[PDB]
Amino acid sequence: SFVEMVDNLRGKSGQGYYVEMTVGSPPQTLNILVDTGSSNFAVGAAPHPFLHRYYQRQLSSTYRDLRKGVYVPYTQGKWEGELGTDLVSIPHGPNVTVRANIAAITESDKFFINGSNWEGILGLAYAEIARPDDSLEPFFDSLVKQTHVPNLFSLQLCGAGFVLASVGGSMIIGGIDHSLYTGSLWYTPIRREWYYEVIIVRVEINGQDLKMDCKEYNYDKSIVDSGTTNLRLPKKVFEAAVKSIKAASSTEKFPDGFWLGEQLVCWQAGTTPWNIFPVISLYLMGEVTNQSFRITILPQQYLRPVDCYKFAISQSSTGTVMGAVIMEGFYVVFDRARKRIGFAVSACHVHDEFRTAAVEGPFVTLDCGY
Ligand SMILES: CCc1cc([C@]2(c3cccc(-c4cncnc4)c3)N=C(N)N(C)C2=O)cc(CC)n1
């Protein structure tokens with residue numbers, strides 16, 4: 001059923017996962033980054049040094065102007081555009097076509113990426129964080145309202161596994177594909193419908209509790225974001241994490257340029273000492289008040305291939321971000337209809353013959369949110 005949706009994702013390590021889409025009439029083929037960390041469908045629609053193709057409104061008989069501009073600035077650069085609607089389809093997705101909002105980006109700074117091979121972004125989060133405001137209905141809402149596609153989608157991000165390494169995965173829209181995971185799916189509630197916000201109740205390095213007030217883990221928030229490469233942690237949690245990881249791997253020594261995630265380290269062909277780095281367990285709030293469950297990730301996940309790797313755990317000023325390197329261990333279900341997110345061991349996750357990524361619960365925790 002979702003057989004046609006299997007392996008419908010591709011990308012370059014560190015530069016996000018994208019799915020093929022068409023926009024307009026006749027269909028204009030574009031690769032669009034799948035992003036759970038935003039809520040705009042925004043596509044390059046003017047020439048750019050990093051873009052080799054873009055959305056051309058005038059070539060589309062079905063385009064309709066909303067006569068309204070949008071301007072989204074931030075720290076690095078920004079993105080500017082003009083709002084409109086057009087017919088939209090996902091060739092290796094459900095067999096439907098939808099009229100959706102489209103932000104045609106006419107100018108931008110440090111937004112696109114050189115060689116990433118995508119030309120736009122599909123924000124899969126909620127209207128509350130849409131630009132310019134929450135009246136601009138996001139793609140998935142339009143898709144559900146207009147078709148009979150169930151209000152749910154799931155992601156299997158598979159990473160590389162053994163020129164930036166290529167990655168693959170699957171976005172199953174409208175259902176759960178049981179051949180994509182093994183064992184049980186565990187659900188944590190979506191605390192609030194803007195980002196895909198969740199609550200982390202504790203974290204351990206090699207079974208060792210960091211022993212923090214759990215408000216620190218979600219300060220000022222925790223989100224599941226496919227549009228973020230790294231596991232990103234609040235400063236206080238980050239320092240304690242690195243310190244613990246440093247200890248466990250202190251049989252070998254690396255420069256703190258590595259620990260700061262901007263310096264690579266290299267072994268040569270199959271000699272990488274995985275067993276020297278500890279596993280990391282995040283406990284997420286369960287559907288029952290005082291329950292939780294844990295997802296455990298291996299060094300194969302938080303050391304990103306560049307045999308050279310970069311430390312894919314970094315510091316945050318905007319709360320915890322569970323990005324690709326965390327999702328790559330699991331099958332992640334965004335159950336919008338029941339306000340929840342399920343985690344299960346992925347049928348594609350990378351691991352060795354002594355350890356393996358895991359989803360295990362329940363654990364009883366006898367206030368953690370901002
Ligand atoms: C409107 C859509 C949008 C998306 C984003 C981004 C984004 C934008 C462009 C590229 C990436 C990216 C993803 N993987 C790897 N390398 C880069 C992410 N997506 C998320 N989740 N994050 C955290 C973002 O910085 C930022 C903004 C500005 C408010 N706006």
Side-chain angles (χ1 to χ4, degrees), residues 9-19 21 30-45 48 50-51 54-55 69-75 77-83 100-134 136-140 155 157 159-160 164-167 169 171 194-198 221-233 261-262 304-306 310 312 314-328 332 334:
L9 296 186
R10 279 286 186 282
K12 289 283 176 276
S13 168
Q15 297 173 335
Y17 291 82
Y18 59 78
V19 57
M21 306 185 70
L30 303 166
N31 291 335
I32 304 296
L33 173 89
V34 176
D35 186 17
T36 66
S38 73
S39 308
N40 278 80
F41 184 40
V43 311
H48 187 282
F50 296 156
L51 299 180
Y54 58 89
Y55 177 47
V70 65
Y71 169 58
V72 189
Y74 48 98
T75 302
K78 47 70 165 40
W79 69 268
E80 277 169 57
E82 307 177 314
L83 293 178
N101 288 309
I102 305 195
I105 310 168
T106 47
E107 279 206 345
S108 59
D109 188 19
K110 290 178 58 190
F111 178 76
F112 301 103
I113 301 175
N114 189 18
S116 75
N117 203 43
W118 50 265
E119 291 87 36
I121 289 178
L122 179 72
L124 291 169
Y126 301 91
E128 194 185 291
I129 56 177
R131 301 305 211 84
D133 58 63
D134 70 356
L136 194 69
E137 189 185 71
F139 179 78
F140 210 85
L155 302 168
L157 309 177
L164 285 164
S166 72
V167 297
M171 175 171 70
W194 52 324
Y195 293 97
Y196 287 101
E197 174 183 4
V198 297
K221 77 179 178 291
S222 294
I223 67 171
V224 187
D225 182 13
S226 65
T228 291
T229 293
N230 286 354
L231 167 56
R232 306 192 63 229
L233 301 169
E262 37 91 325
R304 186 174 63 86
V306 145
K310 289 198 178 181
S314 49
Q315 174 173 153
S316 186
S317 296
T318 56
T320 292
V321 183
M322 298 162 58
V325 297
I326 288 282
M327 301 176 67
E328 281 172 6
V332 189
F334 293 72

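As the structure lists them, so they are numbered: ligands from 1, and atoms in each ligand from 1. Both backbone and side-chain heavy atoms feed into the values below; hydrogens, waters and symmetry mates do not. For this chain, numbers begin at 1 and follow the sequence in order.
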At what distance is the nearest protein heavy atom to atom 17 (C) of ligand 1, and which residue and atom is it?
-> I113 CD1, 3.3 Å

Can you list the ligand 1 atoms lying under 4.0 Å from a non-hydrogen atom of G14?
-> 15 (C), 16 (N)

Output yes when the distance from some N or O of ligand 1 to some N or O of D35 is under 3.5 Å, and no in every other case.
-> yes

Which atoms of ligand 1 have any heavy atom of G227 under 4.0 Å away?
-> 12 (C), 13 (C), 14 (N), 18 (C), 19 (N), 20 (C), 21 (N), 22 (N), 23 (C)

Contact bool for atom 25 (O) of ligand 1 (protein heavy atom, d < 4.0 Å) | no

Should one rank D225, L33, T229 by closest heavy-atom distance to atom 21 (N) of ligand 1, which comes out on top?
-> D225

Short side-chain to backbone donor-acceptor contact, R131 and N40, under 3.5 Å | no

When the ring centroid of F140 is compared with that of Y126, is the distance short of 6.0 Å?
-> no

If only atom types and distance count, is the side chain of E119 paired as donor or acceptor with the main-chain N or O of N31 below 3.5 Å?
-> yes

Any protein heavy atom under 4.0 Å from atom 15 (C) of ligand 1?
-> yes

For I121, the ligand 1 atoms whose distance to one of its heavy atoms is below 4.0 Å = 4 (C), 8 (C), 9 (C)

Test item: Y17 side-chain N/O and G159 main-chain N/O as donor-acceptor pair under 3.5 Å = yes

Which distance, rounded to the nearest 0.5 Å, do you find between the OG of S116 and the NZ of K12?
-> 9.5 Å

Donor-acceptor under 3.5 Å (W118 side chain, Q15 main chain) | yes

Could you list the atoms of ligand 1 found under 4.0 angstrom from a heavy atom of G16?
-> 14 (N), 15 (C)

Out of curiosity, is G323 lining ligand 1, as in a heavy atom under 4.0 Å away?
-> no

protein heavy-atom neighbour closest to atom 29 (C) of ligand 1 works out as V72 CG1, 3.8 Å

Flag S38 as yes when one of its N or O atoms lies below 3.5 Å from any N or O atom of ligand 1, and as no otherwise.
-> no

For ligand 1, which atoms sit closer than 4.0 Å to a heavy atom of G37?
-> 21 (N)

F112 to ligand 1, any heavy atom closer than 4.0 Å | no

For ligand 1, which atoms, with element, lie under 4.0 Å from some heavy atom of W79?
-> 1 (C), 30 (N)

Judged by atom type as modelled, is there a donor-acceptor pair below 3.5 Å linking the side chain of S39 to the main-chain atoms of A125?
-> yes

Could you tell me whether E128 atom CD has more than 12 heavy atoms of other residues or ligands within 6.0 Å of it?
-> yes

Which atoms of ligand 1 sit under 4.0 Å from any heavy atom of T228?
-> 23 (C)

Tell me, please: is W118 in heavy-atom contact with ligand 1, that is, under 4.0 Å?
-> yes

With a 3.5 Å cut-off and no angle check, do the side chains of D225 and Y195 form a donor-acceptor pair?
-> no

Using a strict 4.0 Å cut-off to heavy atoms of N40, name the atoms of ligand 1 that fall inside it.
-> 1 (C)

